[PDB]
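File shown: model-v9.csv (CSV, C-alpha atoms and all ligand atoms).
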chain,number,residue,atom,x,y,z
A,1,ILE,CA,0.9,0.0,-11.6
A,2,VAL,CA,2.6,1.2,-14.7
A,3,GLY,CA,5.0,-1.1,-16.6
A,4,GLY,CA,4.3,-4.0,-14.3
A,5,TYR,CA,3.0,-7.5,-14.9
A,6,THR,CA,0.0,-9.7,-13.9
A,7,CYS,CA,0.8,-11.2,-10.5
A,8,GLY,CA,-1.3,-14.3,-10.8
A,9,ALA,CA,-4.3,-15.2,-8.7
A,10,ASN,CA,-3.7,-15.0,-5.0
A,11,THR,CA,0.1,-14.8,-5.4
A,12,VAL,CA,0.1,-11.7,-3.1
A,13,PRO,CA,-2.1,-13.2,-0.3
A,14,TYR,CA,-1.7,-10.1,2.0
A,15,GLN,CA,-3.0,-7.6,-0.7
A,16,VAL,CA,-6.2,-6.0,0.2
A,17,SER,CA,-8.7,-3.8,-1.8
A,18,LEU,CA,-10.6,-1.0,0.0
A,19,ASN,CA,-14.0,-0.8,-1.4
A,20,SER,CA,-16.8,1.9,-1.1
A,21,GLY,CA,-19.0,0.7,-4.0
A,22,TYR,CA,-15.8,0.6,-6.1
A,23,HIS,CA,-12.0,0.0,-5.6
A,24,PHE,CA,-10.3,3.2,-4.3
A,25,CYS,CA,-7.2,2.1,-2.5
A,26,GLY,CA,-5.0,-0.9,-1.5
A,27,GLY,CA,-3.9,-2.1,1.9
A,28,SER,CA,-2.0,-4.9,3.6
A,29,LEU,CA,-3.2,-7.5,6.0
A,30,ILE,CA,-0.9,-7.6,9.0
A,31,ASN,CA,-3.0,-10.0,11.2
A,32,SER,CA,-6.4,-11.6,11.2
A,33,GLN,CA,-8.1,-8.4,12.2
A,34,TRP,CA,-6.0,-5.5,11.1
A,35,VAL,CA,-5.0,-3.9,7.8
A,36,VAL,CA,-2.5,-1.2,7.2
A,37,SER,CA,-3.0,1.4,4.5
A,38,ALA,CA,-2.5,5.1,3.7
A,39,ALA,CA,-4.0,7.9,5.8
A,40,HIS,CA,-5.0,9.8,2.6
A,41,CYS,CA,-7.2,6.8,1.8
A,42,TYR,CA,-9.4,7.5,4.8
A,43,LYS,CA,-13.1,7.3,4.2
A,44,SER,CA,-16.2,6.3,6.3
A,45,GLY,CA,-18.0,3.2,5.3
A,46,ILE,CA,-15.1,1.1,4.1
A,47,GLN,CA,-15.5,-2.6,3.1
A,48,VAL,CA,-12.3,-4.6,3.1
A,49,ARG,CA,-11.9,-7.2,0.4
A,50,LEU,CA,-9.4,-10.0,0.9
A,51,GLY,CA,-8.4,-12.8,-1.4
A,52,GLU,CA,-9.1,-10.7,-4.5
A,53,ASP,CA,-7.6,-11.1,-8.0
A,54,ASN,CA,-10.2,-10.0,-10.6
A,55,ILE,CA,-12.0,-7.2,-8.5
A,56,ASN,CA,-15.0,-7.1,-10.9
A,57,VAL,CA,-16.1,-10.7,-10.7
A,58,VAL,CA,-16.7,-13.1,-7.7
A,59,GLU,CA,-14.3,-16.0,-8.4
A,60,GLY,CA,-14.2,-17.7,-5.1
A,61,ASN,CA,-11.7,-17.2,-2.2
A,62,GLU,CA,-12.9,-13.6,-1.6
A,63,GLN,CA,-13.8,-12.5,1.9
A,64,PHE,CA,-15.7,-9.2,2.3
A,65,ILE,CA,-15.4,-7.7,5.7
A,66,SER,CA,-16.5,-4.2,6.8
A,67,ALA,CA,-14.2,-2.0,8.7
A,68,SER,CA,-15.2,-1.5,12.4
A,69,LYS,CA,-12.8,1.5,12.7
A,70,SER,CA,-10.2,3.4,10.9
A,71,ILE,CA,-7.3,4.9,12.8
A,72,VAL,CA,-5.4,7.7,10.9
A,73,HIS,CA,-2.1,8.7,12.3
A,74,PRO,CA,-2.6,11.7,14.7
A,75,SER,CA,0.3,13.6,13.1
A,76,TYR,CA,-0.8,13.0,9.5
A,77,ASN,CA,-0.6,16.1,7.4
A,78,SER,CA,-2.8,16.2,4.3
A,79,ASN,CA,-0.7,18.9,2.6
A,80,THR,CA,2.7,17.2,2.9
A,81,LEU,CA,1.4,13.7,3.2
A,82,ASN,CA,3.9,13.2,6.1
A,83,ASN,CA,2.9,10.3,8.3
A,84,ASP,CA,0.6,8.9,5.6
A,85,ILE,CA,-0.4,5.8,7.5
A,86,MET,CA,-3.7,4.4,8.7
A,87,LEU,CA,-4.8,1.3,10.6
A,88,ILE,CA,-8.1,-0.4,9.9
A,89,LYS,CA,-9.7,-2.9,12.3
A,90,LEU,CA,-12.0,-5.5,10.8
A,91,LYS,CA,-15.5,-6.0,12.2
A,92,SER,CA,-14.6,-9.8,12.2
A,93,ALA,CA,-11.4,-11.7,12.0
A,94,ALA,CA,-10.5,-12.9,8.5
A,95,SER,CA,-10.1,-16.6,7.8
A,96,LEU,CA,-6.5,-17.1,7.1
A,97,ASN,CA,-5.5,-19.7,4.5
A,98,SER,CA,-3.3,-20.2,1.5
A,99,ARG,CA,-4.9,-17.3,-0.5
A,100,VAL,CA,-5.4,-14.9,2.4
A,101,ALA,CA,-2.4,-14.4,4.7
A,102,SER,CA,-0.8,-11.5,6.6
A,103,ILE,CA,2.6,-10.0,6.0
A,104,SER,CA,5.2,-9.4,8.7
A,105,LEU,CA,6.2,-6.0,10.0
A,106,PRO,CA,10.0,-5.1,9.7
A,107,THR,CA,12.5,-5.3,12.5
A,108,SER,CA,14.9,-3.0,10.7
A,109,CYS,CA,14.7,-0.5,7.8
A,110,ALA,CA,15.6,-1.6,4.3
A,111,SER,CA,18.7,-0.2,2.6
A,112,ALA,CA,19.0,1.5,-0.8
A,113,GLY,CA,19.3,-1.1,-3.7
A,114,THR,CA,17.0,-3.5,-1.9
A,115,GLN,CA,14.6,-5.1,-4.4
A,116,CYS,CA,10.9,-4.9,-3.5
A,117,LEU,CA,7.5,-6.1,-4.7
A,118,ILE,CA,4.8,-3.4,-5.2
A,119,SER,CA,1.3,-4.4,-6.2
A,120,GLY,CA,-2.2,-3.0,-6.8
A,121,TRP,CA,-5.2,-2.4,-9.0
A,122,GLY,CA,-4.2,1.2,-9.8
A,123,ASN,CA,-3.9,3.0,-13.1
A,124,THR,CA,-1.7,1.2,-15.6
A,125,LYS,CA,-0.9,4.2,-17.9
A,126,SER,CA,1.5,7.1,-17.6
A,127,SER,CA,-0.8,9.2,-19.8
A,128,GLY,CA,-4.5,8.8,-19.7
A,129,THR,CA,-6.4,6.3,-17.6
A,130,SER,CA,-6.8,2.5,-17.6
A,131,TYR,CA,-7.8,0.4,-14.6
A,132,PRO,CA,-7.1,-3.4,-14.7
A,133,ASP,CA,-9.4,-6.2,-13.5
A,134,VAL,CA,-6.7,-8.3,-12.1
A,135,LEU,CA,-3.8,-7.5,-9.7
A,136,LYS,CA,-0.7,-6.0,-11.1
A,137,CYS,CA,2.9,-6.5,-9.8
A,138,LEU,CA,6.1,-4.5,-10.0
A,139,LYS,CA,9.6,-5.3,-8.8
A,140,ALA,CA,11.4,-2.1,-7.8
A,141,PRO,CA,14.5,-1.1,-5.9
A,142,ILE,CA,14.7,1.4,-3.0
A,143,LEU,CA,16.7,4.4,-4.0
A,144,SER,CA,19.4,6.2,-2.0
A,145,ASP,CA,18.3,9.1,0.2
A,146,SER,CA,20.5,11.6,-1.8
A,147,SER,CA,18.7,10.7,-5.0
A,148,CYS,CA,15.3,10.8,-3.3
A,149,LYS,CA,16.0,14.3,-2.0
A,150,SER,CA,17.3,15.5,-5.3
A,151,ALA,CA,14.1,14.3,-7.0
A,152,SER,CA,11.9,16.4,-4.7
A,153,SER,CA,12.8,18.5,-1.7
A,154,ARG,CA,9.4,18.0,-0.1
A,155,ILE,CA,10.1,14.5,1.3
A,156,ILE,CA,11.2,13.6,4.8
A,157,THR,CA,13.5,10.6,4.4
A,158,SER,CA,12.7,9.8,8.0
A,159,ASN,CA,9.1,9.0,7.2
A,160,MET,CA,9.4,8.5,3.5
A,161,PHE,CA,11.5,6.8,0.9
A,162,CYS,CA,11.8,6.6,-2.9
A,163,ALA,CA,11.7,3.4,-5.0
A,164,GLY,CA,11.5,2.9,-8.7
A,165,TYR,CA,13.2,3.8,-11.9
A,166,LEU,CA,14.6,7.2,-12.7
A,167,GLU,CA,14.5,6.4,-16.4
A,168,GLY,CA,10.7,6.3,-16.1
A,169,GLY,CA,8.3,3.7,-17.5
A,170,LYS,CA,7.7,1.6,-14.3
A,171,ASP,CA,6.0,3.0,-11.2
A,172,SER,CA,2.9,2.7,-8.9
A,173,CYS,CA,0.1,5.1,-9.7
A,174,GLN,CA,-3.4,6.5,-8.8
A,175,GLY,CA,-5.4,3.6,-7.2
A,176,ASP,CA,-2.4,1.8,-5.8
A,177,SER,CA,-2.3,4.1,-2.8
A,178,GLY,CA,-2.3,2.4,0.6
A,179,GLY,CA,-0.9,-0.7,-1.1
A,180,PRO,CA,2.2,-2.7,0.0
A,181,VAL,CA,5.8,-2.5,-0.7
A,182,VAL,CA,7.3,-5.8,0.5
A,183,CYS,CA,11.1,-6.5,0.6
A,184,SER,CA,12.6,-9.7,1.9
A,185,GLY,CA,9.1,-10.8,3.2
A,186,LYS,CA,8.7,-7.7,5.3
A,187,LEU,CA,6.3,-4.8,4.7
A,188,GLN,CA,8.6,-1.8,4.3
A,189,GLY,CA,6.4,0.7,2.5
A,190,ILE,CA,2.9,1.9,1.7
A,191,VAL,CA,2.1,3.5,-1.6
A,192,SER,CA,1.8,7.2,-0.8
A,193,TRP,CA,2.5,9.7,-3.6
A,194,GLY,CA,4.5,10.8,-6.6
A,195,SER,CA,4.6,13.5,-9.3
A,196,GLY,CA,2.5,12.0,-12.1
A,197,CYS,CA,3.3,8.3,-12.8
A,198,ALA,CA,6.3,6.5,-14.3
A,199,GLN,CA,7.8,9.9,-15.3
A,200,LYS,CA,11.5,10.5,-15.9
A,201,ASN,CA,13.4,11.5,-12.7
A,202,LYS,CA,10.2,11.3,-10.7
A,203,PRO,CA,10.2,8.1,-8.6
A,204,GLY,CA,7.4,7.0,-6.3
A,205,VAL,CA,7.4,8.1,-2.7
A,206,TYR,CA,6.4,5.6,0.0
A,207,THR,CA,5.6,5.7,3.7
A,208,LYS,CA,8.6,4.3,5.6
A,209,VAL,CA,6.9,1.6,7.7
A,210,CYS,CA,10.0,0.7,9.8
A,211,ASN,CA,9.7,4.0,11.7
A,212,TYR,CA,6.1,3.3,12.6
A,213,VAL,CA,6.4,-0.3,14.0
A,214,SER,CA,6.2,0.9,17.7
A,215,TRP,CA,3.1,3.0,17.0
A,216,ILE,CA,1.4,0.1,15.1
A,217,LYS,CA,1.9,-2.3,17.9
A,218,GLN,CA,0.8,0.1,20.7
A,219,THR,CA,-2.2,1.2,18.7
A,220,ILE,CA,-3.4,-2.3,17.9
A,221,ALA,CA,-2.7,-3.4,21.5
A,222,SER,CA,-5.0,-0.7,22.9
A,223,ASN,CA,-7.9,-1.2,20.4
A,301,CA,CA,-13.1,-11.1,-7.3
Since I need it in another form, could you write the structure as structure tokens?
Amino acid sequence: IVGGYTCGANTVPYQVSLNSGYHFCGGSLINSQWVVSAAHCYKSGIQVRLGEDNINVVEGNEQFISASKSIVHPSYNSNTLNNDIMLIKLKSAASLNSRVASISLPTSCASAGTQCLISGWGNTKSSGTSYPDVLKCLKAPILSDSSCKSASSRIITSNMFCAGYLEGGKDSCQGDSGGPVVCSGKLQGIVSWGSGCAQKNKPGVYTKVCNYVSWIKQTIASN
């Protein structure tokens, strides 16, 4: 997260960190046994870490649970990042409490101008690299489809949406991928991609969760 702020310990209870000996992606807890993340974050041997703030020190409230299976969307395309969504089933159900809670799926898509909360442990600098210890937060609005398409003609506004600041300086970044974009208490996006980070006229692109709700439910129900 570039240009964001420190969220505060466990203020984003549904935020998950995907770990493979180190933090590599974010995710969202949607129920006691399922996490939603980005398909390009797929990897074997994933350990899901819930209730995290400082990812480098055990502070209490953390729950480490291995992934029993990762379900990448069948139509995911690694070149275009279209359908960049993945479901992760936990080996055991997480213990839900005040510091570890799930986030609700949307019943309708969000409109341009809607303010959202994006969070993660990704790179905090536009130029160079700098990974934080604690969770970072960023409030950002969803942009209009016209602006999103004029920013890059490689997006499919049906499965993607732009959010952020065209003036640059505030954006999600490397390491935030798979993370949540929550607006009005509903998970509307998944950190997917972007051209650089916090660059002028280059807003972040996110997976449009509202158009995957049916798939999510059907997939979870059969697994
Ligand atoms: Ca920790």
Checklist entry - Using all atoms listed in the file, which residues sit within 10 Å of residue 33 in chain A once same-chain residues fewer than 4 positions away are excluded, as a PyMOL selection string? => result chain A and resi 29+65+67-68+88-95+102+220
Could you give me, as a tab-separated table, every chain A residue with an atom at most 8 Å from ligand CA 301 (chain A), plus its closest atom pair and distance in Å to one decimal, counting all atoms listed in the file, rows ordered by chain then number?
residue	atom	partner	partner_atom	distance
A:51	CA	A:CA301	CA	7.7
A:52	CA	A:CA301	CA	4.9
A:53	CA	A:CA301	CA	5.5
A:54	CA	A:CA301	CA	4.5
A:55	CA	A:CA301	CA	4.2
A:56	CA	A:CA301	CA	5.7
A:57	CA	A:CA301	CA	4.6
A:58	CA	A:CA301	CA	4.1
A:59	CA	A:CA301	CA	5.2
A:60	CA	A:CA301	CA	7.0
A:62	CA	A:CA301	CA	6.2
Excluding same-chain residues fewer than 5 positions from range 75-87 of chain A, what lies within 6 Å of it counting all atoms listed in the file, as an mmCIF file with C-alpha atoms, in the coordinates of the input?
data_model
loop_
_atom_site.group_PDB
_atom_site.id
_atom_site.type_symbol
_atom_site.label_atom_id
_atom_site.label_comp_id
_atom_site.auth_asym_id
_atom_site.auth_seq_id
_atom_site.Cartn_x
_atom_site.Cartn_y
_atom_site.Cartn_z
ATOM 1 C CA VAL A 35 -5.000 -3.900 7.800
ATOM 2 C CA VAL A 36 -2.500 -1.200 7.200
ATOM 3 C CA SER A 37 -3.000 1.400 4.500
ATOM 4 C CA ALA A 38 -2.500 5.100 3.700
ATOM 5 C CA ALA A 39 -4.000 7.900 5.800
ATOM 6 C CA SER A 70 -10.200 3.400 10.900
#
Next on the checklist: Just want the 9 Å neighbourhood of range 165-172 of chain A, counted on all atoms listed in the file, with same-chain residues fewer than 4 positions away dropped. Output as a PyMOL selection string.
Outcome noted: chain A and resi 1-4+118-120+122-124+126+138+140-141+143+176-177+191+193-194+197-204
Checklist entry - So what do you get for CA of residue 66 in chain A versus CA of residue 21 in chain A, distance-wise? => result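 Between CA of residue 66 in chain A and CA of residue 21 in chain A the gap is 12.1 Å.
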Checklist entry - Pick the closest to residue 25 in chain A from A:7, A:48, A:155, A:116: which is it, counting only C-alpha atoms? => result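 Counting only C-alpha atoms, the residue closest to residue 25 in chain A is A:48.
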Item to check | Residues within 8 Å of residue 157 in chain A, only C-alpha atoms, excluding chain neighbours under 3 positions, as a list in words | outcome: residues 145, 148, 149, 160 and 161 of chain A
Please, could N, CA, C and O atoms be added to range 160-182 of chain A and the result written as an mmCIF file, keeping the file's coordinate frame?
data_model
loop_
_atom_site.group_PDB
_atom_site.id
_atom_site.type_symbol
_atom_site.label_atom_id
_atom_site.label_comp_id
_atom_site.auth_asym_id
_atom_site.auth_seq_id
_atom_site.Cartn_x
_atom_site.Cartn_y
_atom_site.Cartn_z
ATOM 1 N N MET A 160 9.602 8.882 4.849
ATOM 2 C CA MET A 160 9.400 8.500 3.500
ATOM 3 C C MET A 160 10.605 7.971 2.803
ATOM 4 O O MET A 160 11.716 8.139 3.307
ATOM 5 N N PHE A 161 10.413 7.280 1.686
ATOM 6 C CA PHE A 161 11.500 6.800 0.900
ATOM 7 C C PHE A 161 11.090 6.627 -0.522
ATOM 8 O O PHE A 161 9.890 6.521 -0.801
ATOM 9 N N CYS A 162 12.054 6.688 -1.435
ATOM 10 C CA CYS A 162 11.800 6.600 -2.900
ATOM 11 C C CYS A 162 12.141 5.188 -3.335
ATOM 12 O O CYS A 162 13.059 4.559 -2.804
ATOM 13 N N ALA A 163 11.423 4.724 -4.350
ATOM 14 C CA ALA A 163 11.700 3.400 -5.000
ATOM 15 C C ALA A 163 11.223 3.549 -6.397
ATOM 16 O O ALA A 163 10.312 4.323 -6.700
ATOM 17 N N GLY A 164 11.867 2.815 -7.296
ATOM 18 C CA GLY A 164 11.500 2.900 -8.700
ATOM 19 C C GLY A 164 12.580 3.044 -9.685
ATOM 20 O O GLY A 164 13.725 2.678 -9.417
ATOM 21 N N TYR A 165 12.240 3.601 -10.844
ATOM 22 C CA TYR A 165 13.200 3.800 -11.900
ATOM 23 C C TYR A 165 13.267 5.212 -12.414
ATOM 24 O O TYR A 165 12.296 5.748 -12.950
ATOM 25 N N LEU A 166 14.427 5.832 -12.231
ATOM 26 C CA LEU A 166 14.600 7.200 -12.700
ATOM 27 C C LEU A 166 14.444 7.380 -14.158
ATOM 28 O O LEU A 166 14.103 8.466 -14.622
ATOM 29 N N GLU A 167 14.659 6.311 -14.921
ATOM 30 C CA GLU A 167 14.500 6.400 -16.400
ATOM 31 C C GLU A 167 13.038 6.413 -16.776
ATOM 32 O O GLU A 167 12.717 6.555 -17.955
ATOM 33 N N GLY A 168 12.149 6.268 -15.796
ATOM 34 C CA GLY A 168 10.700 6.300 -16.100
ATOM 35 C C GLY A 168 10.199 5.007 -16.713
ATOM 36 O O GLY A 168 10.977 4.125 -17.071
ATOM 37 N N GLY A 169 8.878 4.903 -16.846
ATOM 38 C CA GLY A 169 8.300 3.700 -17.500
ATOM 39 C C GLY A 169 7.737 2.648 -16.529
ATOM 40 O O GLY A 169 6.928 1.831 -16.952
ATOM 41 N N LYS A 170 8.180 2.631 -15.274
ATOM 42 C CA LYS A 170 7.700 1.600 -14.300
ATOM 43 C C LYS A 170 7.504 2.346 -12.963
ATOM 44 O O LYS A 170 8.434 2.923 -12.403
ATOM 45 N N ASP A 171 6.281 2.283 -12.442
ATOM 46 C CA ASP A 171 6.000 3.000 -11.200
ATOM 47 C C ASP A 171 4.582 2.586 -10.686
ATOM 48 O O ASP A 171 3.831 1.898 -11.378
ATOM 49 N N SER A 172 4.259 2.987 -9.459
ATOM 50 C CA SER A 172 2.900 2.700 -8.900
ATOM 51 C C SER A 172 2.153 3.941 -9.384
ATOM 52 O O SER A 172 2.757 4.875 -9.917
ATOM 53 N N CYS A 173 0.835 3.965 -9.203
ATOM 54 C CA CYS A 173 0.100 5.100 -9.700
ATOM 55 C C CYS A 173 -1.279 5.258 -8.939
ATOM 56 O O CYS A 173 -1.537 4.554 -7.958
ATOM 57 N N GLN A 174 -2.104 6.202 -9.393
ATOM 58 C CA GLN A 174 -3.400 6.500 -8.800
ATOM 59 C C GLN A 174 -4.163 5.135 -8.623
ATOM 60 O O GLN A 174 -4.286 4.365 -9.572
ATOM 61 N N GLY A 175 -4.668 4.875 -7.423
ATOM 62 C CA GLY A 175 -5.400 3.600 -7.200
ATOM 63 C C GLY A 175 -4.569 2.573 -6.489
ATOM 64 O O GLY A 175 -5.127 1.622 -5.939
ATOM 65 N N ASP A 176 -3.245 2.721 -6.512
ATOM 66 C CA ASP A 176 -2.400 1.800 -5.800
ATOM 67 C C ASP A 176 -2.125 2.252 -4.394
ATOM 68 O O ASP A 176 -1.669 1.483 -3.545
ATOM 69 N N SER A 177 -2.448 3.516 -4.124
ATOM 70 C CA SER A 177 -2.300 4.100 -2.800
ATOM 71 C C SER A 177 -2.758 3.220 -1.658
ATOM 72 O O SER A 177 -3.815 2.596 -1.755
ATOM 73 N N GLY A 178 -1.985 3.189 -0.576
ATOM 74 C CA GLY A 178 -2.300 2.400 0.600
ATOM 75 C C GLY A 178 -1.813 0.971 0.432
ATOM 76 O O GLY A 178 -1.778 0.207 1.404
ATOM 77 N N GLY A 179 -1.392 0.637 -0.789
ATOM 78 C CA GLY A 179 -0.900 -0.700 -1.100
ATOM 79 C C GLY A 179 0.464 -1.020 -0.470
ATOM 80 O O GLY A 179 1.148 -0.141 0.058
ATOM 81 N N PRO A 180 0.880 -2.292 -0.546
ATOM 82 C CA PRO A 180 2.200 -2.700 0.000
ATOM 83 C C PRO A 180 3.406 -2.642 -0.828
ATOM 84 O O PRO A 180 3.368 -2.700 -2.061
ATOM 85 N N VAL A 181 4.518 -2.487 -0.123
ATOM 86 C CA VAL A 181 5.800 -2.500 -0.700
ATOM 87 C C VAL A 181 6.531 -3.490 0.198
ATOM 88 O O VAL A 181 6.837 -3.200 1.357
ATOM 89 N N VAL A 182 6.728 -4.695 -0.322
ATOM 90 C CA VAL A 182 7.300 -5.800 0.500
ATOM 91 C C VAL A 182 8.739 -6.094 -0.037
ATOM 92 O O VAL A 182 8.959 -6.294 -1.234
#
